[PDB]
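For reference, data33.txt is printed below; it contains compact mmCIF, N, CA and C atoms.
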# COMPACT_ATOMS: atom_id res chain seq x y z
N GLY A 309 0.83 -1.23 0.00
CA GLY A 309 0.00 0.00 0.00
C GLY A 309 0.84 1.26 0.00
N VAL A 310 0.25 2.37 -0.40
CA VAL A 310 0.94 3.65 -0.42
C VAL A 310 0.22 4.67 0.45
N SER A 311 -0.97 4.32 0.91
CA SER A 311 -1.75 5.22 1.75
C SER A 311 -1.34 5.08 3.22
N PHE A 312 -0.45 5.97 3.65
CA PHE A 312 0.04 5.98 5.02
C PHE A 312 -0.29 7.30 5.68
N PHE A 313 -0.75 7.23 6.92
CA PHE A 313 -1.08 8.43 7.67
C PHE A 313 -0.04 8.69 8.75
N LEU A 314 0.37 9.95 8.87
CA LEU A 314 1.33 10.34 9.88
C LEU A 314 0.63 10.56 11.21
N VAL A 315 0.80 9.61 12.12
CA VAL A 315 0.17 9.68 13.42
C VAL A 315 1.22 9.73 14.52
N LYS A 316 0.81 10.12 15.71
CA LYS A 316 1.72 10.18 16.85
C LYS A 316 1.18 9.36 18.00
N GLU A 317 1.90 8.31 18.36
CA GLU A 317 1.47 7.39 19.40
C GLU A 317 2.00 7.83 20.76
N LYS A 318 1.12 7.95 21.73
CA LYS A 318 1.54 8.28 23.08
C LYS A 318 1.58 7.02 23.93
N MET A 319 2.77 6.49 24.11
CA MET A 319 2.97 5.30 24.92
C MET A 319 3.71 5.69 26.19
N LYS A 320 3.82 4.76 27.13
CA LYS A 320 4.60 5.00 28.34
C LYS A 320 6.08 4.76 28.05
N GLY A 321 6.92 5.00 29.05
CA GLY A 321 8.34 4.84 28.87
C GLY A 321 9.01 6.18 28.63
N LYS A 322 8.29 7.04 27.92
CA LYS A 322 8.73 8.41 27.67
C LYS A 322 7.51 9.28 27.40
N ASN A 323 7.65 10.57 27.60
CA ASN A 323 6.55 11.51 27.40
C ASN A 323 6.49 11.97 25.95
N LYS A 324 7.49 11.56 25.18
CA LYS A 324 7.57 11.92 23.77
C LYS A 324 6.60 11.08 22.95
N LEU A 325 5.76 11.76 22.18
CA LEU A 325 4.85 11.08 21.27
C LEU A 325 5.63 10.53 20.08
N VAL A 326 5.40 9.27 19.77
CA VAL A 326 6.16 8.58 18.74
C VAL A 326 5.49 8.70 17.38
N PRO A 327 6.17 9.30 16.40
CA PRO A 327 5.68 9.37 15.03
C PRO A 327 5.56 7.99 14.40
N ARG A 328 4.36 7.64 13.97
CA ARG A 328 4.10 6.33 13.40
C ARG A 328 3.45 6.49 12.03
N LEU A 329 3.81 5.62 11.11
CA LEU A 329 3.16 5.57 9.81
C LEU A 329 2.02 4.58 9.85
N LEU A 330 0.81 5.10 9.92
CA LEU A 330 -0.37 4.25 9.95
C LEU A 330 -0.75 3.85 8.53
N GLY A 331 -0.41 2.62 8.18
CA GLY A 331 -0.69 2.13 6.85
C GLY A 331 -2.08 1.56 6.75
N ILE A 332 -2.93 2.23 5.98
CA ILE A 332 -4.28 1.77 5.77
C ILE A 332 -4.41 1.20 4.37
N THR A 333 -4.54 -0.11 4.27
CA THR A 333 -4.65 -0.75 2.97
C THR A 333 -6.00 -1.43 2.81
N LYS A 334 -6.27 -1.88 1.59
CA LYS A 334 -7.54 -2.54 1.26
C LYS A 334 -7.63 -3.93 1.86
N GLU A 335 -6.68 -4.28 2.72
CA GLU A 335 -6.59 -5.64 3.22
C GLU A 335 -6.13 -5.69 4.68
N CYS A 336 -5.39 -4.68 5.13
CA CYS A 336 -4.85 -4.69 6.48
C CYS A 336 -4.46 -3.29 6.96
N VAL A 337 -4.15 -3.20 8.25
CA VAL A 337 -3.67 -1.96 8.86
C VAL A 337 -2.32 -2.21 9.52
N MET A 338 -1.28 -1.59 9.00
CA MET A 338 0.07 -1.83 9.51
C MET A 338 0.64 -0.60 10.20
N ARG A 339 1.36 -0.82 11.28
CA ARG A 339 2.08 0.24 11.97
C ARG A 339 3.54 0.24 11.55
N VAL A 340 3.89 1.17 10.69
CA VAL A 340 5.25 1.30 10.20
C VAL A 340 5.98 2.39 10.96
N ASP A 341 7.23 2.15 11.31
CA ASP A 341 8.02 3.16 12.00
C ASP A 341 8.35 4.30 11.04
N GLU A 342 8.28 5.53 11.54
CA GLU A 342 8.41 6.71 10.70
C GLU A 342 9.84 6.87 10.18
N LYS A 343 10.82 6.48 10.99
CA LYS A 343 12.22 6.70 10.65
C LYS A 343 12.89 5.40 10.20
N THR A 344 12.53 4.30 10.85
CA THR A 344 13.10 3.00 10.50
C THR A 344 12.40 2.42 9.27
N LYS A 345 11.15 2.84 9.07
CA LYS A 345 10.35 2.42 7.92
C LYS A 345 10.06 0.92 7.94
N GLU A 346 10.11 0.32 9.12
CA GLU A 346 9.81 -1.10 9.27
C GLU A 346 8.42 -1.29 9.85
N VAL A 347 7.79 -2.41 9.50
CA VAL A 347 6.46 -2.72 10.00
C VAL A 347 6.56 -3.42 11.35
N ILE A 348 6.03 -2.79 12.37
CA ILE A 348 6.10 -3.32 13.72
C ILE A 348 4.95 -4.29 13.99
N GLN A 349 3.75 -3.88 13.59
CA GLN A 349 2.55 -4.64 13.90
C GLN A 349 1.50 -4.43 12.81
N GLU A 350 0.78 -5.49 12.46
CA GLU A 350 -0.20 -5.42 11.39
C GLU A 350 -1.51 -6.09 11.82
N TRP A 351 -2.63 -5.47 11.49
CA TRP A 351 -3.94 -6.02 11.82
C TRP A 351 -4.77 -6.23 10.56
N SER A 352 -5.67 -7.20 10.62
CA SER A 352 -6.61 -7.43 9.53
C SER A 352 -7.81 -6.50 9.66
N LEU A 353 -8.45 -6.17 8.54
CA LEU A 353 -9.61 -5.28 8.55
C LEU A 353 -10.80 -5.96 9.21
N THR A 354 -10.80 -7.28 9.17
CA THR A 354 -11.86 -8.08 9.74
C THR A 354 -11.83 -8.06 11.27
N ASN A 355 -10.82 -7.43 11.84
CA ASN A 355 -10.70 -7.34 13.29
C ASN A 355 -11.06 -5.95 13.78
N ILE A 356 -11.73 -5.20 12.92
CA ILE A 356 -12.18 -3.87 13.27
C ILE A 356 -13.61 -3.92 13.79
N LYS A 357 -13.77 -3.65 15.08
CA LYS A 357 -15.09 -3.61 15.69
C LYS A 357 -15.70 -2.23 15.49
N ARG A 358 -14.86 -1.21 15.66
CA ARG A 358 -15.28 0.17 15.53
C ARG A 358 -14.05 1.07 15.52
N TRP A 359 -14.27 2.36 15.32
CA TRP A 359 -13.20 3.34 15.41
C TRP A 359 -13.76 4.70 15.79
N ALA A 360 -12.94 5.51 16.43
CA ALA A 360 -13.33 6.85 16.83
C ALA A 360 -12.53 7.90 16.07
N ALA A 361 -13.22 8.62 15.20
CA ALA A 361 -12.60 9.64 14.38
C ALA A 361 -12.79 11.02 14.99
N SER A 362 -11.75 11.50 15.65
CA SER A 362 -11.76 12.85 16.20
C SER A 362 -10.70 13.69 15.50
N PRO A 363 -10.90 15.02 15.44
CA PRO A 363 -10.02 15.92 14.69
C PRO A 363 -8.59 15.99 15.23
N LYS A 364 -8.40 15.58 16.49
CA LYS A 364 -7.07 15.66 17.09
C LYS A 364 -6.48 14.26 17.32
N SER A 365 -7.34 13.26 17.49
CA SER A 365 -6.87 11.92 17.78
C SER A 365 -7.81 10.86 17.20
N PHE A 366 -7.23 9.76 16.76
CA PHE A 366 -7.98 8.67 16.16
C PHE A 366 -7.78 7.39 16.95
N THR A 367 -8.87 6.66 17.18
CA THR A 367 -8.81 5.42 17.94
C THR A 367 -9.38 4.26 17.13
N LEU A 368 -8.63 3.16 17.07
CA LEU A 368 -9.09 1.94 16.43
C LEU A 368 -9.42 0.89 17.48
N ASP A 369 -10.68 0.46 17.50
CA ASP A 369 -11.13 -0.57 18.43
C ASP A 369 -11.07 -1.94 17.78
N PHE A 370 -10.09 -2.73 18.17
CA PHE A 370 -9.92 -4.07 17.60
C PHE A 370 -10.64 -5.11 18.44
N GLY A 371 -11.46 -4.63 19.37
CA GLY A 371 -12.25 -5.52 20.19
C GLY A 371 -11.41 -6.37 21.12
N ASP A 372 -11.56 -7.67 20.99
CA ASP A 372 -10.90 -8.62 21.88
C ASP A 372 -9.69 -9.25 21.20
N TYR A 373 -9.06 -8.49 20.32
CA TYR A 373 -7.88 -8.97 19.60
C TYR A 373 -6.63 -8.69 20.42
N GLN A 374 -6.70 -7.68 21.26
CA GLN A 374 -5.58 -7.29 22.11
C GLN A 374 -6.10 -6.54 23.32
N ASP A 375 -5.20 -6.15 24.22
CA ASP A 375 -5.59 -5.43 25.42
C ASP A 375 -5.71 -3.94 25.12
N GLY A 376 -6.92 -3.44 25.17
CA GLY A 376 -7.15 -2.03 24.90
C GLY A 376 -7.34 -1.76 23.42
N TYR A 377 -7.20 -0.50 23.04
CA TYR A 377 -7.41 -0.09 21.66
C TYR A 377 -6.14 0.55 21.11
N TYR A 378 -6.26 1.18 19.96
CA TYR A 378 -5.13 1.86 19.34
C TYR A 378 -5.47 3.33 19.11
N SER A 379 -4.93 4.19 19.96
CA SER A 379 -5.22 5.61 19.90
C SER A 379 -3.98 6.41 19.52
N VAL A 380 -4.11 7.22 18.48
CA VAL A 380 -3.00 8.03 18.00
C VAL A 380 -3.43 9.47 17.76
N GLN A 381 -2.50 10.40 17.93
CA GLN A 381 -2.77 11.81 17.71
C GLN A 381 -2.49 12.17 16.26
N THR A 382 -3.44 12.84 15.63
CA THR A 382 -3.31 13.25 14.24
C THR A 382 -4.53 14.07 13.82
N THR A 383 -4.31 15.05 12.96
CA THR A 383 -5.40 15.87 12.46
C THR A 383 -6.08 15.22 11.26
N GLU A 384 -5.52 14.10 10.82
CA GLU A 384 -6.06 13.37 9.67
C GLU A 384 -6.95 12.22 10.14
N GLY A 385 -7.43 12.31 11.37
CA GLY A 385 -8.23 11.25 11.97
C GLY A 385 -9.43 10.84 11.12
N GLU A 386 -10.21 11.82 10.68
CA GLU A 386 -11.40 11.52 9.87
C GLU A 386 -11.00 10.97 8.51
N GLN A 387 -9.88 11.45 7.97
CA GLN A 387 -9.36 10.94 6.71
C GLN A 387 -9.02 9.45 6.84
N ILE A 388 -8.44 9.08 7.97
CA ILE A 388 -8.13 7.68 8.24
C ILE A 388 -9.42 6.86 8.28
N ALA A 389 -10.36 7.33 9.09
CA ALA A 389 -11.66 6.67 9.24
C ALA A 389 -12.34 6.47 7.89
N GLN A 390 -12.39 7.55 7.11
CA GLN A 390 -13.02 7.53 5.80
C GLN A 390 -12.33 6.53 4.88
N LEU A 391 -11.01 6.43 4.98
CA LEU A 391 -10.26 5.54 4.12
C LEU A 391 -10.47 4.08 4.53
N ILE A 392 -10.47 3.82 5.83
CA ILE A 392 -10.74 2.47 6.34
C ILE A 392 -12.13 2.03 5.92
N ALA A 393 -13.12 2.89 6.15
CA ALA A 393 -14.49 2.61 5.76
C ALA A 393 -14.60 2.45 4.25
N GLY A 394 -13.73 3.13 3.52
CA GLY A 394 -13.71 3.02 2.07
C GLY A 394 -13.24 1.65 1.61
N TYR A 395 -12.14 1.18 2.19
CA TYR A 395 -11.62 -0.15 1.88
C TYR A 395 -12.58 -1.22 2.37
N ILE A 396 -13.14 -1.00 3.56
CA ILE A 396 -14.12 -1.90 4.14
C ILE A 396 -15.37 -1.97 3.27
N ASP A 397 -15.73 -0.85 2.66
CA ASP A 397 -16.88 -0.79 1.75
C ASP A 397 -16.68 -1.72 0.55
N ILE A 398 -15.42 -1.93 0.17
CA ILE A 398 -15.09 -2.80 -0.95
C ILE A 398 -15.28 -4.28 -0.57
N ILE A 399 -15.01 -4.59 0.69
CA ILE A 399 -15.13 -5.96 1.17
C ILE A 399 -16.54 -6.23 1.68
N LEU A 400 -17.20 -5.18 2.13
CA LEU A 400 -18.51 -5.28 2.73
C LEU A 400 -19.59 -5.10 1.66
N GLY B 367 -29.83 5.00 28.03
CA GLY B 367 -29.62 5.21 26.57
C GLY B 367 -28.42 6.08 26.29
N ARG B 368 -27.33 5.45 25.86
CA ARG B 368 -26.12 6.18 25.51
C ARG B 368 -25.81 6.01 24.02
N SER B 369 -26.03 7.06 23.23
CA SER B 369 -25.78 6.99 21.80
C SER B 369 -24.32 7.29 21.49
N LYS B 370 -23.86 6.82 20.34
CA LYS B 370 -22.50 7.10 19.88
C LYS B 370 -22.52 7.36 18.38
N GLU B 371 -23.52 8.13 17.98
CA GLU B 371 -23.76 8.45 16.57
C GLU B 371 -22.54 9.11 15.93
N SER B 372 -22.12 10.24 16.49
CA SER B 372 -20.97 10.96 15.96
C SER B 372 -19.69 10.49 16.63
N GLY B 373 -18.62 10.41 15.85
CA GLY B 373 -17.33 10.02 16.39
C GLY B 373 -17.10 8.52 16.33
N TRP B 374 -18.08 7.76 16.80
CA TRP B 374 -17.98 6.31 16.84
C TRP B 374 -18.63 5.69 15.61
N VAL B 375 -17.83 4.97 14.84
CA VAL B 375 -18.32 4.32 13.64
C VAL B 375 -18.36 2.81 13.84
N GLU B 376 -19.54 2.23 13.65
CA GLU B 376 -19.76 0.82 13.92
C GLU B 376 -19.57 -0.01 12.66
N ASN B 377 -18.46 -0.73 12.59
CA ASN B 377 -18.17 -1.57 11.43
C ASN B 377 -18.75 -2.96 11.63
N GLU B 378 -18.97 -3.68 10.53
CA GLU B 378 -19.68 -4.94 10.59
C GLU B 378 -18.87 -6.12 10.07
N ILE B 379 -17.57 -5.98 9.95
CA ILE B 379 -16.77 -7.14 9.52
C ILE B 379 -15.93 -7.71 10.65
N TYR B 380 -16.23 -7.30 11.87
CA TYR B 380 -15.55 -7.85 13.04
C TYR B 380 -16.08 -9.25 13.33
N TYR B 381 -15.38 -10.26 12.83
CA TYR B 381 -15.79 -11.63 12.97
C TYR B 381 -15.44 -12.21 14.35
File written out as structure tokens:
Amino acid sequence: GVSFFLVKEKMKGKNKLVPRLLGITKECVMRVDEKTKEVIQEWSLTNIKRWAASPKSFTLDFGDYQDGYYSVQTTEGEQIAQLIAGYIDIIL
Amino acid sequence: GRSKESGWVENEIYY
């Protein structure tokens, strides 16, 4: 895929928000490192229960696939949501 | 009754 969103993940360990490349494809969602450009973690679209599209932060609810959800800071939150729903529209 | 119309999008391929 080429559709990647620049998001910032707030994890513990440091107060610095980590720049992440949120790869939204017609088949999966991959977390690519912004500087290393490597894929850390990838999810299937079929594991999407819901998502929260806010103008400052975006949250992906993978349900019972892992502990908690995936929340990242980005102004492209709705763009992400729209794109996921777009790819999902192709499968759905 | 707690709605989540805006912000929360309910997808239907969560198997």
Practice prompt. Using only N, CA and C atoms, determine which residues of chain A fall within 5 Å of chain B; present them as a ChimeraX atom specification.
Written response: /A:354-361
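The space between atom C of residue 399 in chain A and CA of residue 328 in chain A spans 26.9 Å.
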Item to complete: Kindly give the distance, in Å, that separates atom N of residue 313 in chain A and atom C of residue 329 in chain A, rounded to a single decimal.
Response: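 Value for the atom N of residue 313 in chain A-atom C of residue 329 in chain A distance: 4.8 Å.
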Discussion item. If I take atom C of residue 362 in chain A and atom C of residue 312 in chain A, how far is one from the other in Å, to one decimal?
Written reply: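 Computing it gives 15.7 Å between the two atoms.
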Worksheet item: Of the candidates A:392, A:315, A:353, A:398, which one gets nearest to residue 380 in chain A if we count only C-alpha atoms?
Response: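 Under the stated criterion, the closest residue is A:315.
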Fill in: Among the residues A:335, A:351, A:345, A:384, the one that comes closest to residue 364 in chain A [using all atoms listed in the file]
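Closest residue, counting all atoms listed in the file: A:384.
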Practice prompt. Give me the residues within 5 Å of residue 379 in chain A as a list in words, counting all atoms listed in the file and dropping any in the same chain fewer than 4 places off.
Written response: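 The residues that qualify are residues 366, 367 and 368 of chain A.
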Item to complete: Would you be able to write out as a list in words which residues have an atom within 8 Å of (4.0, 2.6, 12.5) in the file's coordinates, counting only C-alpha atoms?
Response: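 Residues found, by chain and rising number: residues 327, 328, 329, 330, 331, 338, 339, 340, 341, 342, 345, 346, 347, 348 and 349 of chain A.
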